[PDB]
Amino acid sequence: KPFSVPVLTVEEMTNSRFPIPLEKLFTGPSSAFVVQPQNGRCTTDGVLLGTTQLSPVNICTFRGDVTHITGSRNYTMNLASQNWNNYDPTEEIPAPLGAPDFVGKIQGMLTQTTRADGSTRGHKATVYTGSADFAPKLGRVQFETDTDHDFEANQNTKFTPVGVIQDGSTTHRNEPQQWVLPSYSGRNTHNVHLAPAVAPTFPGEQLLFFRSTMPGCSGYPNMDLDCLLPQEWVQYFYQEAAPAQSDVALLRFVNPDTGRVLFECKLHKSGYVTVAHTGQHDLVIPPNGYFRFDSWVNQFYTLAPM
Amino acid sequence: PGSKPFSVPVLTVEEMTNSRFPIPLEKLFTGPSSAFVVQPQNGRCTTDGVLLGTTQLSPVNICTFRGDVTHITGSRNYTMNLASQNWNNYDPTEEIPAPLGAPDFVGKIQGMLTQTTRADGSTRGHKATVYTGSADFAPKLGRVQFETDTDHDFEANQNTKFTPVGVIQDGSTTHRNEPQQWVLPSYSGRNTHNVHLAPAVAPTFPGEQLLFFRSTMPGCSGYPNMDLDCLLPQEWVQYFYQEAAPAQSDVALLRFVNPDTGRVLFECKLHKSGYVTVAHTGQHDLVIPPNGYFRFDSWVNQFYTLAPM
Ligand SMILES: C[C@@H]1O[C@@H](O[C@@H]2[C@@H](O[C@H]3O[C@H](CO)[C@H](O)[C@H](O)[C@H]3O)[C@@H](O)[C@@H](CO)O[C@@H]2O)[C@@H](O)[C@H](O)[C@@H]1O
């Protein structure tokens, strides 16, 4: 079977940067910021990039055991691998795969099973991926919990992400910052083996973003989350692994209700999408609409305005 | 004849996801299932890509709930009147047992409720647990109740989401008596009959048992039974749905291959109605190479004799 994209509606698909479903399509200018997400990065021939991995549910999860920090409700987690094996920090990846690729305060729950009797406990925890001690690359991250005693040492402990939070004493929606990369090895360290930043070069083109709204758990957070590729596309390319004939796969978005092509876009072989539009726009689509790969084209093909 | 050739994805067990809870697959397990009914509504799909029961494509959506909430005064418990997944009105005339991705087992599912106030975008998040065994658990009728850690914080008439994390045990001193993964909830509440169910599955061929794709649900309190078995990995459901390869016969013969040795560890029967059986007798945890994966080799008849594993 030749190269293609799956027949999945936007709503039927999942965000590749957080374990939540896609809601809509959004385009806007990106010269004011850097677009360098590490999750949801995959070439059209199925080469995973950055911290990208196949499991949607594992995105922004952490695993390991925890050590309580006295005089606080904070626990340091010495990370294990996703399969509960030892973590190796010599792997040529920016951070353990599925690590958050944005600076924010991610709230969820820590859970733990005592091996001997199978007793369990669960508590609310938040991780500040902006914090100097956020060093998943070195196998350590800290969690702000509401307990100073319940978690036992040397037991398997999991973090399941739920949403994000904001400090309401400050300017609203100032956090999280989705386009700011964390320092995976902690403050004053340089990230390594990154998926490259993407920017539109062709005139009149903006990125097409696959947008979700992260749940907010406290305050006034910026809950917009844009991924370059839906998680399903990442899984699909990895499975198909169809080599790219050219730099760009021309895609058409089809409307089943009318039968006509609503808009067309450029799927770049390194794994991102551009459309011909100028300004901030939320795309209004038929909910049963879907993408279809029509042709291999070069980078400087001229898209019809949308 | 000459129809599109059926296949399964080249995915390791570890690379895949549980179809009954938003967690990764860990292991393969086989055991006897004559003592109970195997009738999960999640992770049900024919090999030709027809979704069954409460099954839907997104793993993250499994065991989630959406809607607005009404406080029960003088308590930390909230009733949720369910909305659709895309925040539209819930429709109870749909020919489905329950809202898609609804939990298909009786248990106490703990996670977090989150809510956004539309006017100013203020947000709140609290730990909540839902008892799918409870008499008032009627997701089919657009209602679920949550035991929360707040007695005031949630506003009415705002979009509210439940994100599942794991399961809990309590109300008893007996360990691992709950949850009960093979007990279907009464989707319309107690003393009501479930409808449009995916059918129960049982091994028919002599000496054969079901093959289970097993995960360990996180435990958030007490001593719960955290074993979770799905008939189909979520990715297989996603795969079959996309490919929609017609079934030549009742059964697709699968071989589990070891890349390290190059040989076949074991073979199994993938029934076109969407479940797997192997030739083994008794409870068994499969010891597999972590890079091992399934491969469809041939269509065989229903009464084919599997190599013992
Ligand atoms: C914007 C505000 O955010 C959330 O509240 C937290 C505060 O939490 C506390 O007060 C809220 C009610 O406002 C509620 O009683 C909660 O149980 C309690 O912890 C507090 O953590 C501050 C600290 O700066 O941050 C937020 O204001 C949320 O619960 C509120 O509903 C509201 O959205």
# chains A, B, ... in the order shown; residues from 1 in each chain; ligands from 1
$ interface_residues --of "chain A" --to "chain B" --cutoff "6 Å" --atoms "only C-alpha atoms" --output "CSV table (one decimal) with C-alpha atoms, in the first residue's frame"
chain,number,residue,atom,x,y,z
A,19,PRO,CA,-3.1,12.7,26.4
A,20,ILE,CA,-6.3,14.4,25.2
A,57,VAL,CA,-1.6,7.6,27.0
A,111,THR,CA,0.0,6.5,42.5
A,118,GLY,CA,-0.5,-4.7,47.2
A,119,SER,CA,-1.6,-1.8,49.3
A,120,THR,CA,-2.2,1.4,47.3
A,121,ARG,CA,-2.3,5.2,47.7
A,122,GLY,CA,-3.0,8.0,45.3
A,216,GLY,CA,-7.3,23.5,33.7
A,217,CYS,CA,-7.1,22.4,37.3
A,218,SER,CA,-6.4,25.7,39.0
A,219,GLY,CA,-6.1,29.4,38.3
A,220,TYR,CA,-6.3,31.0,34.8
$ residues_around --residues "segment 298-300 of chain A" --least-positions-apart "2" --cutoff "9 Å" --atoms "only C-alpha atoms" --output "PyMOL selection string"
chain A and resi 202+246-250+266+268+296+302
$ residues_around --residues "segment 278-287 of chain B" --least-positions-apart "6" --cutoff "10 Å" --atoms "only C-alpha atoms" --output "ChimeraX atom specification"
/B:27-33,203,205-212,214,265-270,305-309
$ write_last_selection --atoms "N, CA, C and O atoms" --output "JSON list (two decimals), in the first residue's frame"
[["chain", "number", "residue", "atom", "x", "y", "z"],
["B", 27, "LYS", "N", 1.74, -7.25, 29.42],
["B", 27, "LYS", "CA", 1.99, -8.68, 29.29],
["B", 27, "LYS", "C", 0.88, -9.43, 28.56],
["B", 27, "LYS", "O", -0.19, -8.88, 28.30],
["B", 28, "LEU", "N", 1.16, -10.69, 28.25],
["B", 28, "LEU", "CA", 0.18, -11.60, 27.68],
["B", 28, "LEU", "C", -0.10, -12.69, 28.71],
["B", 28, "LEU", "O", 0.81, -13.24, 29.32],
["B", 29, "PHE", "N", -1.39, -12.99, 28.89],
["B", 29, "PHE", "CA", -1.83, -13.94, 29.90],
["B", 29, "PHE", "C", -2.90, -14.84, 29.31],
["B", 29, "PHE", "O", -3.73, -14.40, 28.52],
["B", 30, "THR", "N", -2.87, -16.12, 29.68],
["B", 30, "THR", "CA", -3.94, -17.05, 29.32],
["B", 30, "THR", "C", -4.38, -17.80, 30.56],
["B", 30, "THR", "O", -3.57, -18.12, 31.43],
["B", 31, "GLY", "N", -5.67, -18.07, 30.64],
["B", 31, "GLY", "CA", -6.23, -18.84, 31.74],
["B", 31, "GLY", "C", -7.63, -19.30, 31.39],
["B", 31, "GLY", "O", -8.17, -18.89, 30.36],
["B", 32, "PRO", "N", -8.22, -20.16, 32.23],
["B", 32, "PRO", "CA", -9.59, -20.61, 31.99],
["B", 32, "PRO", "C", -10.60, -19.50, 32.24],
["B", 32, "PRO", "O", -10.37, -18.66, 33.12],
["B", 33, "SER", "N", -11.68, -19.48, 31.48],
["B", 33, "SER", "CA", -12.70, -18.43, 31.60],
["B", 33, "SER", "C", -14.11, -19.01, 31.59],
["B", 33, "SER", "O", -15.08, -18.29, 31.34],
["B", 203, "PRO", "N", -13.91, -19.76, 24.72],
["B", 203, "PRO", "CA", -13.26, -20.77, 23.88],
["B", 203, "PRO", "C", -14.22, -21.92, 23.61],
["B", 203, "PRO", "O", -14.89, -22.38, 24.53],
["B", 205, "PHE", "N", -13.17, -24.52, 21.05],
["B", 205, "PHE", "CA", -12.34, -25.64, 20.61],
["B", 205, "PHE", "C", -11.72, -26.32, 21.83],
["B", 205, "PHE", "O", -11.29, -25.64, 22.75],
["B", 206, "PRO", "N", -11.69, -27.66, 21.85],
["B", 206, "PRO", "CA", -11.18, -28.34, 23.05],
["B", 206, "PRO", "C", -9.71, -28.02, 23.36],
["B", 206, "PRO", "O", -8.90, -27.93, 22.44],
["B", 207, "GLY", "N", -9.39, -27.84, 24.64],
["B", 207, "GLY", "CA", -8.03, -27.57, 25.06],
["B", 207, "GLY", "C", -7.57, -26.15, 24.81],
["B", 207, "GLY", "O", -6.39, -25.84, 25.00],
["B", 208, "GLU", "N", -8.49, -25.29, 24.39],
["B", 208, "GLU", "CA", -8.17, -23.89, 24.09],
["B", 208, "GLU", "C", -8.67, -22.94, 25.16],
["B", 208, "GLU", "O", -9.75, -23.13, 25.73],
["B", 209, "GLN", "N", -7.87, -21.91, 25.44],
["B", 209, "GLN", "CA", -8.25, -20.83, 26.34],
["B", 209, "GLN", "C", -8.12, -19.49, 25.64],
["B", 209, "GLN", "O", -7.42, -19.37, 24.63],
["B", 210, "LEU", "N", -8.80, -18.48, 26.16],
["B", 210, "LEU", "CA", -8.65, -17.12, 25.64],
["B", 210, "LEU", "C", -7.23, -16.62, 25.91],
["B", 210, "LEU", "O", -6.64, -16.95, 26.93],
["B", 211, "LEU", "N", -6.70, -15.84, 24.97],
["B", 211, "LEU", "CA", -5.45, -15.12, 25.19],
["B", 211, "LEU", "C", -5.74, -13.68, 25.58],
["B", 211, "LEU", "O", -6.41, -12.95, 24.86],
["B", 212, "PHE", "N", -5.21, -13.27, 26.73],
["B", 212, "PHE", "CA", -5.52, -11.96, 27.28],
["B", 212, "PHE", "C", -4.36, -10.98, 27.14],
["B", 212, "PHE", "O", -3.20, -11.32, 27.41],
["B", 214, "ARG", "N", -2.88, -8.00, 28.82],
["B", 214, "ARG", "CA", -3.03, -7.62, 30.22],
["B", 214, "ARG", "C", -2.26, -6.36, 30.60],
["B", 214, "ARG", "O", -1.13, -6.14, 30.17],
["B", 265, "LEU", "N", 7.58, -18.26, 18.59],
["B", 265, "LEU", "CA", 7.39, -18.67, 19.98],
["B", 265, "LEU", "C", 6.12, -19.49, 20.14],
["B", 265, "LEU", "O", 6.14, -20.58, 20.71],
["B", 266, "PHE", "N", 5.01, -18.95, 19.65],
["B", 266, "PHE", "CA", 3.72, -19.63, 19.73],
["B", 266, "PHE", "C", 2.78, -19.11, 18.65],
["B", 266, "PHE", "O", 3.04, -18.08, 18.03],
["B", 267, "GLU", "N", 1.69, -19.84, 18.43],
["B", 267, "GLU", "CA", 0.68, -19.43, 17.46],
["B", 267, "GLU", "C", -0.68, -19.36, 18.15],
["B", 267, "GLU", "O", -0.90, -20.02, 19.17],
["B", 268, "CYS", "N", -1.57, -18.54, 17.61],
["B", 268, "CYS", "CA", -2.88, -18.34, 18.21],
["B", 268, "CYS", "C", -3.96, -18.10, 17.15],
["B", 268, "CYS", "O", -3.66, -17.83, 15.98],
["B", 269, "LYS", "N", -5.21, -18.19, 17.59],
["B", 269, "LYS", "CA", -6.37, -18.00, 16.72],
["B", 269, "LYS", "C", -7.01, -16.64, 16.93],
["B", 269, "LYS", "O", -7.59, -16.40, 17.98],
["B", 270, "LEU", "N", -6.94, -15.78, 15.93],
["B", 270, "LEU", "CA", -7.66, -14.51, 15.97],
["B", 270, "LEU", "C", -9.00, -14.70, 15.26],
["B", 270, "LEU", "O", -9.06, -14.74, 14.03],
["B", 305, "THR", "N", -6.24, -27.01, 14.53],
["B", 305, "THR", "CA", -5.57, -27.41, 15.76],
["B", 305, "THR", "C", -4.29, -26.61, 15.96],
["B", 305, "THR", "O", -3.33, -26.76, 15.21],
["B", 306, "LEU", "N", -4.28, -25.75, 16.98],
["B", 306, "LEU", "CA", -3.12, -24.93, 17.30],
["B", 306, "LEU", "C", -1.99, -25.77, 17.87],
["B", 306, "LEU", "O", -2.23, -26.78, 18.53],
["B", 307, "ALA", "N", -0.76, -25.35, 17.61],
["B", 307, "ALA", "CA", 0.39, -25.94, 18.29],
["B", 307, "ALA", "C", 0.31, -25.55, 19.77],
["B", 307, "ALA", "O", 0.07, -24.38, 20.08],
["B", 308, "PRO", "N", 0.48, -26.52, 20.68],
["B", 308, "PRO", "CA", 0.41, -26.19, 22.11],
["B", 308, "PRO", "C", 1.44, -25.15, 22.54],
["B", 308, "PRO", "O", 2.59, -25.21, 22.10],
["B", 309, "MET", "N", 1.03, -24.21, 23.39],
["B", 309, "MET", "CA", 1.95, -23.22, 23.97],
["B", 309, "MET", "C", 1.90, -23.30, 25.49],
["B", 309, "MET", "O", 2.91, -23.09, 26.17]]
$ atom_distance --atom1 "atom CA of residue 299 of chain B" --atom2 "atom CA of residue 234 of chain B"
22.2 Å
$ select_by_dssp --residues "segment 5-242 of chain B" --states "strand (DSSP E or B)" --output "PyMOL selection string"
chain B and resi 17+24+27-31+38+45+51+65-71+77-83+89+106+108-116+123-131+138+143-148+160-168+180+201+208-216+219-222+227-230
$ residues_around --residues "residue 131 of chain A" --least-positions-apart "6" --cutoff "10 Å" --atoms "only C-alpha atoms" --output "ChimeraX atom specification"
/A:103-105,141-142,182-183,186-187
$ closest_residue --among "B:139, B:68, B:76, B:8" --to "ligand 1" --atoms "only C-alpha atoms and all ligand atoms"
B:76
$ select_by_dssp --residues "segment 80-269 of chain A" --states "helix (DSSP H, G or I)" --output "PyMOL selection string"
chain A and resi 136-138+231-240
$ closest_residue --among "A:164, A:153, A:80, A:194" --to "ligand 1" --atoms "only C-alpha atoms and all ligand atoms"
A:164
$ closest_residue --among "B:260, B:155, B:178, B:250" --to "ligand 1" --atoms "only C-alpha atoms and all ligand atoms"
B:155
$ atom_distance --atom1 "atom 33 (O, counted along the ligand's line) of ligand 1" --atom2 "atom CA of residue 77 of chain B"
18.6 Å
$ residues_around --residues "residue 101 of chain A" --least-positions-apart "3" --cutoff "7 Å" --atoms "only C-alpha atoms" --output "PyMOL selection string"
chain A and resi 37-39+181-182
$ atom_distance --atom1 "atom CA of residue 273 of chain B" --atom2 "atom CA of residue 46 of chain B"
4.4 Å
$ residues_around --residues "residue 50 of chain B" --least-positions-apart "4" --cutoff "9 Å" --atoms "only C-alpha atoms" --output "list in words"
residues 44, 45, 46, 237, 240, 241 and 244 of chain B
$ residues_around --residues "residue 30 of chain A" --least-positions-apart "6" --cutoff "12 Å" --atoms "only C-alpha atoms" --output "ChimeraX atom specification"
/A:36,179,197-201,205-209,226,274,278-280
$ closest_residue --among "B:129, B:172, B:158, B:291" --to "ligand 1" --atoms "only C-alpha atoms and all ligand atoms"
B:158
